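Shown next, in structure tokens, is the structure this report addresses.
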Amino acid sequence: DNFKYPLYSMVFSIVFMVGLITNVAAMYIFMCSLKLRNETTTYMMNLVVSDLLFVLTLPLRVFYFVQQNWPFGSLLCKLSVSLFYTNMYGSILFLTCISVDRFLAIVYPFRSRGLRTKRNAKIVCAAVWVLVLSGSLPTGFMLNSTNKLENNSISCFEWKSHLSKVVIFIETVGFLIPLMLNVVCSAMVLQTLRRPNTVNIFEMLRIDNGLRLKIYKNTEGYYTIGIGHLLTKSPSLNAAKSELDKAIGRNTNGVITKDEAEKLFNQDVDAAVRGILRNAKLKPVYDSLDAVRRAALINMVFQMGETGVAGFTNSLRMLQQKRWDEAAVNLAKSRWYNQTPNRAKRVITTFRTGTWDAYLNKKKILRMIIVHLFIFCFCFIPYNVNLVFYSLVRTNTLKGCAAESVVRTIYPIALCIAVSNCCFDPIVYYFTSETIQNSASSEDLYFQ
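In structure tokens form, the structure reads like this:
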């Protein structure tokens, strides 16, 4: 079994160097940049920790193979086996949670707003840590110990019929349920990319401004509902409630569906478009722009009003002249841009590109799903199918040399592949971060 013992020493040494540097660099990047960026970032940071702890155990394993001796304590022994199963199963769940979080953010951005938050992500992370550590530390602690010889040779190392039954369970739900969950989420995310007109001016305004289905107080102190639709200027909320019933008609008692908010938004948009056409400065620009760039134009108007948008005389003239890049540069330096830089950057980019990529880049989502699926499948499918057959071959398959020897031959290969997760995890973080939405809906000072 020469494939088994020295190959570990090679892979682990390489993996340790690759894994340590990339994961330390990834961890450092996570802390400082963007200030606790997202809920998705919380899942990624827990993944780095599990990989780091397992990476730190790699040199001791290596040493144990090159020197055929374990000069370390009995505690370090079970840690090496425990942290391997810890890191693997924690990695599966964390990657699945990442895939579930992105599936929610893309397919249900409106409905899953309350599900995904930094508070709830941490609880899930604690739940993954609880299961994984409670499963891995006990088994590792009592099944592997130093005193296999400890007489000028220390080892740090049937029940298989009894113990393969529990292996099948944890491998069945701990691995197959996440794998199938990742396929489904990834599959449904791709189905929505096929759907036409995925993003429109209403969805664009929801991203930039926010959608509130209960009566709320404006930045100017006025009473509004939906996306920037104000009911009354009077400081009496009892009067404001009655005004909403006139428009909705159904004795709302202060709350409305998103469809009602869509309906009011369309009324707002039509009046805003009329307001653009009546104003003499905007009408030439508006008639020159296509439907995408007209939506960005109305976006600006929603934030500042037509009179405020008219102030960008320099930039509008260049938008009218089809000088997109130039116009994007002038818009990039303004008082508007400083207060709301994410909203402005996304509006500016649509002006510059004429596409909704800034609000929803389908090419970025496609890369994430592909990378996430193949890394997850390739890293973990080989190890876990071989472990199921290992348990089956130990008892049920019984097909002989070809059964027992083939499965045993593949086991070190699939393990080394599975140990390569810490090297491939950074790549997942990068492409998943490219899909993260910079701006959001609540806690923002300035919303209309």
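Under PDB author numbering, read the sequence shown as residues 23 to 179, 186 to 227, 1002 to 1161, 233 to 321, first letter to last.
Ideal placement from N, C-alpha and C gives every residue a C-beta, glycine not left out.
Query, Result
"Where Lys1016 falls: helix, strand or coil (DSSP)", "strand"
"Residues bridged to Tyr1025 [DSSP beta-bridge criterion]", "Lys1019, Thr1034"
"Per-residue burial, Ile120 [other beta carbons within 10 Å of its own, 16 or more giving buried]", "buried"
"Beta-carbon proximity list for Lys1035, same chain, < 6 Å, skipping 5 on both sides", "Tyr1024"
"Inter-residue spacing [alpha-carbon to alpha-carbon] between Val244 and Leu165", "36 Å"
"Contacts around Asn1132, its chain only, beta-carbon distance under 6 Å, and the 5 residues preceding and following it disregarded", "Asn1116, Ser1117"
"Whole-angstrom distance between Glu1108 and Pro224, CA atom to CA atom", "31 Å"
"Among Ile43, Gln1122, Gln1105, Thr1152, the one whose alpha carbon lies nearest that of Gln1141", "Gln1105"
"Own chain partners of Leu1007 with C-beta closer than 6 Å, once the 5 adjacent residues on each side are dropped", "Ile1029"
"Three or more C-beta pairs below 8 Å linking the region 84-95 and the region 164-179", "yes"
"Within-7 Å CB hit, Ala287 to chain C", "Any reference to chain C falls outside this structure, which holds one protein chain only."
"Close-in-space but distant-in-sequence residues of the same chain around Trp1126 (CB under 7 Å, 5 per side omitted)", "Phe1153, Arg1154"
"Rounded C-alpha distance that separates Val280 from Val195", "16 Å"
"Straight-line Cα distance separating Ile43 from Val33", "15 Å"
"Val227 (DSSP reduced to helix, strand or coil)", "coil"
"Cβ neighbours of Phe163 in the same chain (closer than 6 Å, five flanking residues each side left out)", "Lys100"
"Top-ranked residue by Cα proximity to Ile128, from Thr308, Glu316, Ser314", "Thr308"
"Through-space distance from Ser31 to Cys289, alpha-carbon basis", "10 Å"
"Contacts around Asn60, its chain only, beta-carbon distance under 7 Å, and the 5 residues preceding and following it disregarded", "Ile309"
"Touching by the beta-carbon criterion (3+ pairs, under 8 Å), the region 1058-1071 and the region 196-204", "no"
"For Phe304, the nearest candidate out of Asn68, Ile36, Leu117 (CA to CA)", "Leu117"
"Pair within 7 Å by beta-carbon distance, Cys213 and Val122", "yes"
"Exposed unless 16 or more other CB atoms sit within 10 angstroms - verdict on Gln321", "buried"
"Contact under 7 Å by Cβ, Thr1059 with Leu1046", "no"
"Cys295 vs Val46 beta-carbon contact at 7 Å", "no"
"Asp317 - containing alpha helix (DSSP H), residue span", "Unbroken run through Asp317: none, as it is neither H nor E."
"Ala1082 versus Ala1112: straight-line alpha-carbon distance, rounded", "9 Å"
"Three or more C-beta pairs below 8 Å linking the region 59-73 and the region 138-147", "yes"
"Buried versus exposed call for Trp187 [16 or more other C-beta atoms within 10 Å across all chains shown]", "exposed"
"Counted within 10 angstroms of its Cβ, other Cβ atoms place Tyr1018 as buried (16 or more) or exposed", "exposed"
"Short Cβ contact (7 Å threshold) for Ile1009 with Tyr1161", "yes"
"For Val1057, the residue or residues it bridges with in DSSP", "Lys1016"
"Sequence-distant residues of the same chain with beta carbon closer than 6 Å to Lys170, five excluded per side", "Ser177, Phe179"
"Exposure of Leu56, with buried meaning 16 or more beta-carbon neighbours within 10 Å", "exposed"
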